[PDB]
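Numbering (the deposited numbering), first residue to last: 4 to 30, 37 to 352. To start, the structure under review is shown below, and the notes come after it.
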Ligand SMILES: Oc1cccc(-c2nnc(NCc3c(F)cccc3Cl)[nH]2)c1
């Protein structure tokens, strides 16, 4: 039952993988050919997955998330393996997924798309988001670089459970921050699923115009760009900013009304403008949800309420648990050896 493994050094790291995977090429992630399925695959070798409690829990988190996702528009797990033959030997985890053709950041850089492509790409993101949000999974980091497409314009959402960004990585004129909802960028309040809809709005705007919507040079500049478009917060939203210091700062800004989005997105389909106004609402309680957006008339060409499935429940009670490294490692090992490949 255990396959035979073979070893290869690739950019100064030993990769040990079942024989079915051939033509490993660095892209740590390698592209490869799964001779058993005929699929072009991406293979991620986790770096030192059990070196600390925080790392061991992150390894378990990523594997739990990838094992759960079973949806056309979300990256799922084709395989997971370790060369270890016992829990005692277990120190390496490899994750195998479909290899997509390219990501939106690489394909659509500086380019506006036709309206039909914006409809189809945003439709597919929202279909995937309906699925993940129905499991109370929040992506939290949607941006063009973790949205991948194939040559048929079919899209998958990537990168779940990744290591939380450092302060330096979120600093300055950086795409790591341009798509974040203001309540998470400035820690206004406990955030929820609606943060992902803000990112979809920023992404949809950029597909329509070819331009970053809120290319802030830093957190404060970005907030000013945001509030110029959507207006400064009103009294109801201010009360929900539980961060007293954040609430006090935003009240120091001169009040500004929401702009006319038809004058910002000149020439765009009025249905696209309407949908953007319903996504890019400052108060997260009032943003359109993914399920609601799928029924918006902008997507009339694509919407099928019988083919927009929800997810099985996802138990993430482990998130609140404090365990030892070897306990996270044992949980991870159970998930590796119980993996069942998809059809
Ligand atoms: O930014 C790009 C561009 C082209 C393909 C890809 C791509 N295709 N499949 C993936 N999967 C990456 C991956 C793993 F390899 C393992 C676990 C999770 C993920 Cl997202 N990435 C990403």
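For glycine and all other residues, C-beta sits at the position ideal for the given N, C-alpha and C.
Spatial neighbours of residue i within its chain, please: C-beta separation below 6 angstroms, excluding the five flanking residues on both sides.
i	result
residue 78	85
residue 182	226
residue 277	217
residue 197	250, 252, 255
Using the Cβ count rule (16 or more neighbours within 10 Å means buried), how would you classify residue i?
i	result
residue 178	exposed
residue 41	buried
residue 296	buried
residue 80	buried
residue 129	buried
residue 270	buried
residue 162	exposed
residue 15	exposed
residue 331	exposed
Could you please give the first and the last residue of the uninterrupted beta strand (DSSP E) stretch that includes residue i?
i	result
residue 129	Note, residue 129: premise wrong, no beta strand (DSSP E); alpha helix (DSSP H) at 124-143.
residue 349	Here residue 349 belongs to no beta strand (DSSP E), and DSSP marks it neither H nor E.
residue 30	Per DSSP, residue 30 belongs to no beta strand (DSSP E) and is neither H nor E.
residue 146	Segment: none, residue 146 is in no beta strand (DSSP E) and carries neither H nor E.
residue 157	156-158
residue 51	48-54
Along the alpha helix (DSSP H) that carries residue i, what are the first and last residues, could you check?
i	result
residue 205	203-218
residue 317	First-last for residue 317: undefined, no H or E at that position.
residue 229	228-239
residue 62	62-77
residue 300	299-303
residue 117	113-117
residue 84	First-last for residue 84: undefined, no H or E at that position.
residue 271	270-273
Can you look up residue i in the DSSP assignment and give me helix, strand or coil?
i	result
residue 103	strand
residue 287	helix
residue 21	strand
residue 250	coil
residue 184	helix
residue 296	coil
residue 200	coil
residue 9	strand
residue 308	helix
residue 43	strand
residue 164	strand
residue 195	coil
residue 278	coil
residue 340	helix
Ignore the nearest five residues each way along the sequence and tell me which others in residue i's own chain have a CB closer than 7 angstroms to its CB.
i	result
residue 325	none
residue 185	174, 178, 179
residue 219	119, 120, 121
residue 160	110
residue 70	170
Go through its chain and collect everything with a Cβ distance to residue i's Cβ below 8 angstroms, but skip five positions before and after it.
i	result
residue 304	312, 314
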